[PDB]
Each structure stands twice: as C-alpha cells, then as structure tokens.
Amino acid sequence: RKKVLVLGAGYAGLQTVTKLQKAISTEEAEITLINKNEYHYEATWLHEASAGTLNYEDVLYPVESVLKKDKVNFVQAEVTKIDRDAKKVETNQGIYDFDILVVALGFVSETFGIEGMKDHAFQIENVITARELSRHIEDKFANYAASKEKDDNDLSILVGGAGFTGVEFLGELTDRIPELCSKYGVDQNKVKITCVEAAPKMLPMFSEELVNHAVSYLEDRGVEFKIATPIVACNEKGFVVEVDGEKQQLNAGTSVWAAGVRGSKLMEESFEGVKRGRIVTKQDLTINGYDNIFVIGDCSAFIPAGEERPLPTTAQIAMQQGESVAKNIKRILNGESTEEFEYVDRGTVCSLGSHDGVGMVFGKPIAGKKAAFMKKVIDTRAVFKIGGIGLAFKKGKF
C-alpha cells in the first residue's frame, strides 16, 4: 500500500485525486491530499472576485465534498519543506512521508524585479487577495464620497499587464465601476482606468482581429491603454513608467499587477533546474532523477514533443495533467510503464464583462455573447470534470 502524497488541491492536484481515487483499490495505495485552505477555489474566476462582480463564496467549494474518504486523507496544512531524497514533506501540522509525490502547489505573482510591485500593488493570486482588492476598490469610492477634498486620484486604477488576466480584470472593472459611481454619487468621467503593458502587443495568444475587439470594447468603456510602456517601479502613489525612456509617475489610489505569475516558491527550495517556480518535466510529467515525483500545473513547464518552449501556465493544461498523472500512478502501482502526456488544445475565452469576450473554440475565433456563453460552458465543465454533475449544478455558472 504505497503512499501517494498530493501537494495542493487546485486544478492540477484536485483533478489527480478525483480521477485516481476512482481507479485505485483501497489496499493498492493510500492517497494523502494537503492544502492551505479547507476549500478549492476557481482561480480562473478571481478577476470577478477581485473586482467584486461576484461574491467570494461563489468561487470556492469544500475539498472534502468530492473525496472518497476511505481512500483519501485530506490534511488542511501549509507545506513548508519538501525533501525529495528523504521522501518527506513538512507542514505546519506535521511531517508526511511518501512513495509517490504529486507537486501541484500552483502560482504566485511574478513582478520581474520591479521595485515596490509586491509592496505597493494588489495581486491576483487567491480568494484572500481578491477579497482585499474588491473591498479596497469600494472603500476608495466610499472615502471619495465622504471627503470634502474629492481627490479624483482615489478614483484612479492602474492595471499592470494587457495579457489574459489583466484584460479580464479590466472587463470586470467596466461592469463594477459604473455601479459604484452611481452608488457613491460619482460622475464616471472622473474615473481613470489605465492598463500599462511593457510588451509591444496586448493578448499575444489571439489574432489581431480579436485583440481589436477587446481593445475597442474596453476603450469605449473608459479604459486607456499604454502598450510598449515599461513599468520600472511601483510606489504608494502608483506606477513609475518609462515613455520614450523618460520616467513618469502615474497616480492611482489602486494599483493592480496582472502581468506575471510564477510557480510556488517551494519549487526553487526543493528541486533542481527551476526557473520562475517552474520545473521542466519528462514527457510523463515526472522530474529528472525521480520516476516517483510528478510536478504539474503552474509548478510545471511541459515542453511538447518536437517543441522548444513550454506550454503556457493554464487551468486547462493543469487539469489535463492531473488526469495523466492519475493514469500513470495506476500504471506504476501495477508495475506498468508510464505513457507520455499529450496536451489537447480545447481552446479558450478571455471574458470582457458578463456578456462579451474574445476566444478560440473548435479552432474558430469567437466574440460577444457567443464567447460569454462559451466561457460559462468551459467554467462549468471544469467544475464537472473535478466534482461531477451535482457540483456543476450547484457551483457552476448556470
């Protein structure tokens, strides 16, 4: 009865456990799942929870509800050390042994060495950061309404990054800001929403036609874009950016970083050859020198056969990776060889508020209500893929 230890109950880790628990027998192996929180959260819905267009309770569900308790021991604890050679993992609630390890500790903000970006900006990482950010935004509107001063910079928001997460967050701000304006007696014209991207292109994963749709959509709703504009620092006043190489202070009562993520900080402390919290795995998702250690999700850098660069960090690859791991753990336990992971690009949607978006579905570009409907089908299918039709009905987007 080998000990299968899974670190993190996210997309990658919880998918591995729900698939693996159906396939193993109780005497075949012991599964242990460790997670910081009692819940699993839909990290892909944190744009809505951060802006406050969705109640935080609606992005999460208890982990234990989807577990076969005779096969899985759920441990609510924070992982603090991973000893790959002693086959031990230390947490704040004790030390756990393992025969097979699955590292699925997810992501955290990556600020590219930009001074003050962690200290002076709000991140998009989990439910707690999302709750602090939504509360901060409304508190800025409520303080503006209370003051005799009326400093319109309290109503100014900076968003770092014009990629997928940033653009989705801006889409939620365009739904929320009008409501907060009307609730707190503010004229929308006094609000300033600015997106700063160092890169020369916005949403590089989509076509030019699809980017123009998202740009027009957000510009018509007051978003100003500063593309090919490096953010060289973040202070209490806002972002310090370079325009034609000259430094410029941009002022905002709220600064949000959405331009980069990295894998868990436990990765550099635990395994070799890690870059930005990501380890390049073998084709079966194991790591070099360890046929008993799998690393998936945002902690992994899976390079497909025949390619040079790893696939991007997504909930879609994470869930596909968890299924693969569950099937290879079964093979290992029965003395069978592992099979290579093969990512299937199902496509995706970048949301633009509740009733718009840009995406690729079935290899065809989509936008508008069609995209917004497809984003709800994809979000709900991810709830189904982990917890079944019951959980999809209760916690899904329909």
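Numbering starts at 1 and runs along the sequence shown.
For the segment pair 147 to 155 and 214 to 222, the entry gives 147 to 155 the higher mean B-factor, averaged over Cα atoms. When the two stretches 289 to 297 and 303 to 311 are set side by side, the higher mean Cα temperature factor goes to 303 to 311. Highest CA B-factor among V232, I279, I124, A104, as stated in the entry: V232. In the PDB entry, the Cα temperature factor peaks, among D175, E78, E268, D119, at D119. When the modelled residues of the chain are ordered by their C-alpha B factor, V4 lands in the middle third. Among the modelled residues of its chain, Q316 has a C-alpha B-factor that falls in the middle third, as given in the PDB entry. Looking at the C-alpha B-factors along this chain, the one for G353 belongs to the middle third.
In the deposited entry, the Cα temperature factor of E57 places it in the highest third of its chain's modelled residues. Residue-level temperature factors show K87 in the middle third of its chain, judged at the C-alpha atom.
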